[PDB]
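Participant: Provided hereafter are the protein sequence and its experimental coordinates.
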Amino acid sequence: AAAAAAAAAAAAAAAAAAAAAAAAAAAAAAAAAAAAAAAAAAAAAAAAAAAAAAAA
Amino acid sequence: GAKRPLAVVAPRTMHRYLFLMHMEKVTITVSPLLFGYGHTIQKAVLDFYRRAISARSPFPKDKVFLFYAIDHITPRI
Amino acid sequence: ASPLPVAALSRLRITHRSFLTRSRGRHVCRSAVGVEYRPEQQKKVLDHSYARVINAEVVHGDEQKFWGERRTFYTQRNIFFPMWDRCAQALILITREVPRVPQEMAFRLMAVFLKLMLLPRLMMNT
Amino acid sequence: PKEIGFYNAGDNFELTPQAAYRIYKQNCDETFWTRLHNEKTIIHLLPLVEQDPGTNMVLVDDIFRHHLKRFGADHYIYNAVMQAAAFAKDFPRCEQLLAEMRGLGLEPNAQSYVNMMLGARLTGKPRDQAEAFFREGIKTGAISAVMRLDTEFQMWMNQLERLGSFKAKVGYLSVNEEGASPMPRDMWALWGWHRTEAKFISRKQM
Amino acid sequence: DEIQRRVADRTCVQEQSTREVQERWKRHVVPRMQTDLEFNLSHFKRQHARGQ
Amino acid sequence: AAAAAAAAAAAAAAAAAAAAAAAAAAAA
Amino acid sequence: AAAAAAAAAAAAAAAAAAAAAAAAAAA
Amino acid sequence: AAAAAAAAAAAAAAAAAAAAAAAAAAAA
Amino acid sequence: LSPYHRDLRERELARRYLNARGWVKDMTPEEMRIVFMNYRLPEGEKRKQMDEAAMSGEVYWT
């Protein structure tokens, strides 16, 4: 294992892949929280979301 | 498509500039999501672009196309 | 164990092309590793027919000025703007906030009413 | 000492197999150990792979698993172990491995197609199973071949017939004689033209 | 080790900064970041199309 | 339930349809 | 009447779904 | 969840209608 | 002291890392923010940067 020429990684050297939030991992997570939590908290969340919609 | 076979010997000089030779399009695709500080390949490719569109470049500047990509592309030309 | 995310496989690719290159008479074996769109999506890119990849000039008009900006603030050194702030402004302008329409908000407000109204409809369907 | 390695007939320092594997087993987790060192180690193990595939494919699999858990996946490693499987004459292993490449999102390399051709050849399987690998590889944009397909496939096979394996009766790899020297018998030996270009240079130069 | 150390002394001071910018990005931006970016790009494209 | 609402208000129509579809496919 | 509504608001999506399935199976 | 379903299964049609009316009045 | 770069944890060890080697040691950090600042930068935005309040407001929203 004495000789190596040039190493190359999967990403670029000295360049970080900056984080981004995808579709499912957000949406389905929100749906899962809304499912497992409550319909009362879901009602409050629907109220806040409707408040944000009328704000929009 | 080749009717006659290819050549065996190549001319050698140093190309200082891009000039439109037999090309009709140059596409430079970079995903800005990928980020780095200091000298990196991103810097190199985008310096390729900078030289392509600079005032002293013989390359016609209407056919150099730059693309921002969403998901994590190693910038290609 | 996949390097790309499960979502990206149907789109992305890992291309490894290793070349012998000569340096000061020697030969070093250097490889280019890159993550890249598959050729279907690639000829979708070159056709200017592809979403998920946006043209630059529609983000900010006329990159011939933008990348070619030489710094003029109290200085005769006409050095280009650095790399990091160009990449930064680029990925900022990419990631800005879209004005989500109240119509989509209304569709989602209708979608919030799915379970309760469905149970109420199922209770009255007998 | 001779176990560890030596300078063979071309005054080249070749590292002994079963010596290289021990260097691996010491250096598996070291910080300086890069992914090229792994595939180099595997490359060093190949004659052992041919002359006894039963007890040396386990070594290759050790390096394989360890690599795959030190780094998620790599192109190097898959090229290397499909080459190993090619020399061990396990062909369905080669298809299995290639399917693992494509399923993994990895774009099979030009070398991977050459390994397909090698495994297709020395496993005693007919042409048109190698031909298919070559044509598929060239459709893929891996192999760039300047000549027409027939004659260039002839070229590849004519190179591989010169390169016949470690166990064979005719080939380069089938030649076993090694000038055994602890020291190269000319130290001012030349890879270049001038004395500047001499083969043996200091380690703090290298 | 002297190899990777010399290469590091050449190029490596920068990823020290890159990591902190990255974790800033994943702390302050990502949680409030948009989920559908393709709709964003479609929006920009149609708005540039409309001359807006 | 605040952040859930803030994130839910930002979803697209395709995204809202996908969310409702995943929710109705997961349960009922 | 109010107790059942209150208990329905404390249900999960899995809970309301299973209740819907049971109500469809029984009646 | 099971107890509520068991309690609702023992109620009549008029009781179910009254419960639906109460749910429409309160929760809507 | 801007939201992003105002961190005492990464600041205090930075200051003491400087003070290990005999770099400027007679410093309160707030006089470090005075002695070291862009000097050709005009008076207004430099008192703006000195002031925690006026710069407390610039924050990436979303």
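Facilitator: Right, received. Where do you want to start? Residues are numbered from 1 along each chain as shown, chains lettered A, B, ... in the order given.

Participant: what about the helices in chain F?
Facilitator: F:2-8, F:13-26 (DSSP state H).

Participant: how about the longest one, does it reach chain G?
Facilitator: I take that to be helix F:13-26. Yes - using CB under 8 Å from any CB of the partner chain, we find that helix F:13-26 touches chain G at F:23, F:26. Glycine gets a C-beta too; all of them are placed from N, C-alpha and C.

Participant: from the chain's centre, how far out does that helix sit?
Facilitator: Mean C-alpha position of helix F:13-26 versus that of the full chain (CA atoms, centre = their mean, to the nearest Å) differs by 6 Å.

Participant: got it, and stretch D:159-175?
Facilitator: For stretch D:159-175 - counting by CA atoms, centre = their mean - the centre lies 14 Å from the chain centre.

Participant: Mind listing what's buried along that stretch?
Facilitator: Residues D:160, D:164-166, D:171, D:173 are the ones in stretch D:159-175 that count as buried (16 or more other CB atoms under 10 Å in any protein chain shown).

Participant: so who does residue F:7 touch?
Facilitator: With contact set as CB atoms under 8 Å, 6 or more residues apart in numbering or on different chains, residue F:7 has these partners: A:26, A:30, E:35.

Participant: Just the ones of the residues you listed in helices?
Facilitator: By the criterion of DSSP H, membership of the contacts of residue F:7 in helices covers A:26, A:30.

Participant: Is the longest helix along chain D positioned near chain A?
Facilitator: Using DSSP H to define each element, chain D has its longest helix at helix D:53-70. No - Helix D:53-70 lies out of reach of chain A by CB under 8 Å from any CB, never closer than 10.8 Å.

Participant: do the same with stretch D:24-32
Facilitator: Yes - Stretch D:24-32 comes into contact with chain A (CB under 8 Å from any CB), by way of D:24, D:27.

Participant: Out of the helices of chain F, which is closest to residue D:94?
Facilitator: Nearest to residue D:94 among these is helix F:13-26 (40.1 Å), distances taken as CB to CB.

Participant: just to revisit the earlier point, now, of the helices of chain F, which is deepest in the fold?
Facilitator: helix F:2-8 (a mean of 19; mean count of other CB atoms under 10 Å in any protein chain shown).

Participant: Quick one: distance of it to the chain centre.
Facilitator: Here helix F:2-8 is found 10 Å from its chain centre; the criterion is CA atoms, centre = their mean.

Participant: What of stretch A:37-56?
Facilitator: Centroid separation for stretch A:37-56 versus its chain: 20 Å, with CA atoms, centre = their mean.

Participant: Show me which residues of it are buried.
Facilitator: A:38-39, A:41-42, A:45-46, A:48-50, A:52-53, A:56.

Participant: got a list of what residue 14 touches?
Facilitator: Went with chain A since none was named. Residue A:14 makes contact with B:36-40, E:11-12, E:14-15, E:18, according to CB under 8 Å, 6+ apart.

Participant: cool, residue D:46 as well?
Facilitator: By CB under 8 Å, 6+ apart, residue D:46 lies in contact with D:17, D:83-84, D:87, D:166.

Participant: for residue A:54, same thing?
Facilitator: Contacts of residue A:54 (CB under 8 Å, 6+ apart): residue C:102.

Participant: How many neighbouring residues does the residue of chain D found nearest chain E have?
Facilitator: Relative to chain E, the nearest point of chain D is residue D:32 (5.2 Å; CB to the nearest CB). By other CB atoms under 10 Å in any protein chain shown, the residues close to residue D:32 number 12.

Participant: Just give the nearest non-adjacent residue to it, would you?
Facilitator: In space, not counting the residues next to it along the chain, residue D:32 is nearest to residue E:1; the distance is 5.2 Å by CB to CB, 6 or more residues apart in numbering or on different chains.

Participant: How about the residues of chain C by chain H?
Facilitator: Checking chain C against chain H by CB under 8 Å from any CB, the hits are C:116, C:120, C:123-124, C:126.

Participant: any chance of those in JSON lines, with distance to chain F and secondary structure too?
Facilitator: Below are those laid out as JSON lines (distance: CB to the nearest CB, whole Å; DSSP: H, G, I helix; E, B strand; the rest coil):
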{"residue": "C:116", "distance to chain F": "12", "secondary structure": "helix"}
{"residue": "C:120", "distance to chain F": "13", "secondary structure": "helix"}
{"residue": "C:123", "distance to chain F": "13", "secondary structure": "helix"}
{"residue": "C:124", "distance to chain F": "16", "secondary structure": "coil"}
{"residue": "C:126", "distance to chain F": "17", "secondary structure": "coil"}
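
Participant: Pick the one among these closest to chain D.
Facilitator: Closest approach to chain D among those (CB to the nearest CB): residue C:116, at 42.3 Å.

Participant: measure the closest one to residue C:122 for me?
Facilitator: Using CB to CB, to the nearest Å, residue C:116 is found at 11 Å from residue C:122.

Participant: And the two? Which one has more around it.
Facilitator: Using other CB under 10 Å as the criterion, residue C:116 and residue C:122 rank with residue C:116 on top: 19 against 16.

Participant: residues touching the more buried one, list them.
Facilitator: Residue C:116 makes contact with A:39, H:27, according to CB under 8 Å, 6+ apart.

Participant: Most proximal residue of chain F with respect to chain B?
Facilitator: Nearest residue of chain F to chain B: residue F:12, at 14.7 Å (CB to the nearest CB).

Participant: so how far is chain I from that residue?
Facilitator: Relative to chain I, residue F:12 is positioned 16 Å away (CB to the nearest CB, to the nearest Å).

Participant: what's around that residue, how many residues?
Facilitator: Using other CB under 10 Å, residue F:12 has 24 neighbouring residues.

Participant: what sits against it?
Facilitator: Shown in contact with residue F:12 (CB under 8 Å, 6+ apart): C:100, C:104, E:35-36, E:39.
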